[PDB]
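In structure tokens, the next block holds one chain alone, the form deposited in one PDB entry.
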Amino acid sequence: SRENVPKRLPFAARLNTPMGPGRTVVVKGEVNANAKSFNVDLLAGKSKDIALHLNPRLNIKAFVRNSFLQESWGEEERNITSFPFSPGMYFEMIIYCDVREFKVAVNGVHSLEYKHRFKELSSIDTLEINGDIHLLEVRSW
């Protein structure tokens, strides 16, 4: 399609346009009633570096973020001011790429910022989604 090409869960897709300031990726889904965890990753398809790993942990109500670069995970980022997911419930997560950071919102509420660690934004071209959700729609504009 116009925005990505899968390459339903686990889900992997090549973004038609790579990331950069102004780019938005939207994941719409329903958390499983018995969910423990799910993951949304933005990857550099070539190097397989993970620029942004997003992991809502339903079992402990934590929202963990990290990057996998030079074949190692970095320092986990965990601070939240609320946990925006709940089992059984529909959600919309917006990943917005800004100049210095990603901005992530859930259900229309700003949730976190993640300072870019992988700096070559135009090399981020792959989206992977897996875990304890029913994936309903992915948008990328």
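All residue numbers refer to positions in the sequence shown, first residue = 1.
Missing here is the form deposited with a partner chain bound; even so, the following discussion is about that form.
Q: Would you check, heavy atoms only and a 4.5 Å threshold, whether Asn32 touches the partner chain in the deposited bound form?
A: Result no; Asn32 lies far from the partner chain in the deposited bound form.
Q: With the partner left out of view, is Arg139 within 4.5 angstroms of the partner chain in the deposited bound form by any non-hydrogen atom?
A: Residue-level check for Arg139: yes, a contact with the partner chain.
Q: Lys36: heavy atom within 4.5 Å of the partner chain in the deposited bound form?
A: Flag for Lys36 set to no.
Q: Should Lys103 be counted as a contact of the partner chain in the deposited bound form, where contact means heavy atoms within 4.5 Å?
A: Yes.
Q: Which of these residues, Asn59, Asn107, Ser47, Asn55, gets a heavy atom within 4.5 Å of the partner chain in the deposited bound form?
A: Of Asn59, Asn107, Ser47, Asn55, the residue with a heavy atom within 4.5 Å of the partner chain in the deposited bound form is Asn107.
Q: Pick from 36-44, 95-103, 73-81, 60-68: which stretch has non-hydrogen atoms within 4.5 Å of the partner chain in the deposited bound form?
A: After filtering at 4.5 Å, what remains is 95-103.
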